[PDB]
């Protein structure tokens, strides 16, 4: 669905139309923001350390692994999503690309079914 590109500092460089629909931030609003604006606390507070940690250590926790996370929308409502990260690099700098699958639908069916 969503695609998003950050600099090695977690600043949003690119923001696809999907993500716009997914998160409810227009591309402009979104560009030049910290990516943490898309998650809840406590994650939202740590995200930078998530990044400085990987930079100095080169140990991947999501990169090439993938994970299921809670994402936060603009109007504050949260959701699950599968998150994948790609490391590229341009202008000598490392750039990260997030691909996002919304899982709201699956989680809700699974709840509904559990409930019945």
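Numbering follows the first chain given and starts at 1. Superpose the two forms; the largest set of C-alphas matching within 1.5 Å is the rigid core.
A fit on the rigid core, followed by a root mean square over CA positions in 6 other deposited structures of this protein, ranks 55-63 against 79-87 and picks 55-63 as the more shifted one.
For the pair 51-59 and 22-30, the record assigns the higher mean C-alpha temperature factor to 51-59. Per the PDB record, residue ranking by Cα B-factor puts residue 4 in the lowest third of the chain. Residue 93 sits in the highest third of its chain by CA B factor, as recorded in the PDB entry. In this PDB entry, the Cα temperature factor of residue 38 sits in the bottom third of its chain's modelled residues, the lowest group. Annotation for residue 71: CA B-factor lies in the middle third of the chain's modelled residues. Per the PDB record, residue ranking by Cα B-factor puts residue 80 in the lowest third of the chain.
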